[PDB]
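All Cβ positions, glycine included, derive from the backbone under ideal geometry; neighbour counts span all protein chains shown. All of the numbers you see were taken from the coordinates with simple rules; none came from a lab.
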Ligand SMILES: CCC1=C(C)/C(=C/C2=NC(=C\c3[nH]c(/C=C4\NC(=O)[C@H](C)[C@H]4CC)c(C)c3CCC(=O)O)/C(CCC(=O)O)=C2C)NC1=O
Ligand SMILES: CCC1=C(C)/C(=C/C2=NC(=C\c3[nH]c(/C=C4\NC(=O)[C@H](C)[C@H]4CC)c(C)c3CCC(=O)O)/C(CCC(=O)O)=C2C)NC1=O
């Protein structure tokens, strides 16, 4: 019997069309984080951009009602993570994605737990965004309402959109090139 | 622990870069069918294009040594399939993909089996290629050496490249638009 279209495949395909047709990458990030958050039924999806010193800030997001807005006019949410700085991007530098069903089961340090608790994160998936051969930032999906048993299609989907964001950034650089 | 890059994800991402940078869609089909065939370790990967009457022909392929070449200069391999014609594209019109581990276990008619046997096909995956809202053709992976227990990542991968071929064709149309 046939295999009908899958949500993740159709969402990734839609991102590709936007990259082909939309020059405003901010707008691609804003609409795409929204589409991802709807498909994953999670509480926040965010793009985090590294600074040269490996600190960074949230630059785009979609967030459900009842959770704090971390991106917007006259807001700048910075996270200067000393592990990511010391290691120049952690495992993400090696193009690894990471899946955490329960932040209390991951062996995080308490100062890291504190920040996760501040953003009300209970479970997450984090993937790399590479532009050219450099780690440019991270794309993350968060569950704030409770723990979550993420499945393979969900982590693969988020990884694939991270690749597409990377291509979007790279292509914009290429086009300019004036 | 981290999830390292997956072959299918990196291959789909490479196709997207080609679509952004390469105007020659023939060339995208030829190099991409080769990449797919290597990753799937199968014997033939082919793009089949429909004519207005729902007959069609193979327009690009990668094929292993020892199997017949069906695409090339001064060759035209047509398959006029009466089921696909009568139904205007079969299940593929509804954007369904199809996975067959063993052609003898699928309930095919003997005249269909005959053609499959002519091309030495034992097992296959077939996916749609849509350009705009129209079924433009099919992208197929074939095992000729024996039956094959295809797995989910393989069918998802082929489906995703079918979507990307569709976007490639659509975008080329859009750009012309002169
Ligand atoms: C996309 C936004 C985002 C960021 C930036 C983030 C940071 C972050 N901090 C990490 C680890 C870490 N972070 C810290 C430490 C600290 N962290 C601090 O903010 C303090 C300044 C300092 C206290 C000393 C340490 C010690 C680790 C490694 C141990 C652990 O996993 O907690 C990890 C590693 C998890 C892994 O891949 O194993 C991430 C992803 N998570 C996110 O979702
Ligand atoms: C990409 C290249 C390619 C093509 C075109 C192809 C054709 C093809 N013929 C099909 C069915 C069919 N084809 C035919 C009949 C015929 N077929 C003929 O070539 C004769 C003219 C005629 C004899 C009457 C019939 C009766 C069916 C439906 C029953 C069956 O599954 O065999 C199906 C349906 C399988 C499904 O989705 O269930 C396909 C995909 N397979 C491929 O890999």
Can you tell me which of (1) touching a residue at least 60 places away in the same chain (Cβ under 8 Å); (2) more than 14 Å from chain B (Cβ to nearest Cβ); (3) more than 13 Å from ligand 1 (Cβ to nearest atom) is the one residue A:157 doesn't meet?
(2)
With respect to the numbered conditions (1) at negative phi; (2) in contact with a helix residue (DSSP H, G or I) (Cβ under 7 Å, 6 or more places away or on another chain), which one is the sole condition not fulfilled by residue B:132?
(1)
Assigned to a loop (DSSP other than H, G, I, E, B) and away from chain A (no Cβ under 14 Å): is that true of residue B:52 in this structure?
yes
Is at least one residue of the range B:109-128 closer than 19 Å to residue B:25 by Cα, in contact with a helix residue (DSSP H, G or I) (Cβ under 7 Å, 6 or more places away or on another chain) and away from ligand 1 (no atom under 16 Å from the Cβ)?
yes
If you go through the range B:160-173 one residue at a time, how many are within 15 Å of residue B:136 (Cβ to Cβ), facing chain A (nearest Cβ under 10 Å) and out of contact with any strand residue (DSSP E or B) (no Cβ under 6 Å at 6 or more places or on another chain)?
5
Using the structure shown, decide if residue A:106 is surrounded by fewer than 19 Cβ atoms within 10 Å (Cβ to Cβ), free of Cβ contacts under 8 Å to residues at least 40 places away in the same chain, within 14 Å of chain B (Cβ to nearest Cβ) and more than 16 Å from ligand 2 (Cβ to nearest atom).
yes
Among residues belonging to the range A:56-92 that are within 24 Å of residue A:25 (Cβ to Cβ) and in a helix (DSSP H, G or I), point out the one that is nearest to ligand 2 (Cβ to nearest atom).
A:92
Any chance the range B:23-36 includes a residue that's more than 16 Å from the chain's Cα centre (by Cα) and at negative phi?
yes
Do we have residue A:89 as more than 13 Å from chain B (Cβ to nearest Cβ) and either surrounded by fewer than 19 Cβ atoms within 10 Å (Cβ to Cβ) or under 16 Å from residue A:52 (Cβ atoms) (or both) here?
no
Please give the number of the condition residue B:152 fails out of (1) more than 15 Å from ligand 2 (Cβ to nearest atom); (2) surrounded by 15 or more Cβ atoms within 10 Å (Cβ to Cβ); (3) within 11 Å of another protein chain (Cβ to nearest Cβ); (4) over 20 Å from residue B:49 (Cβ atoms).
(2)
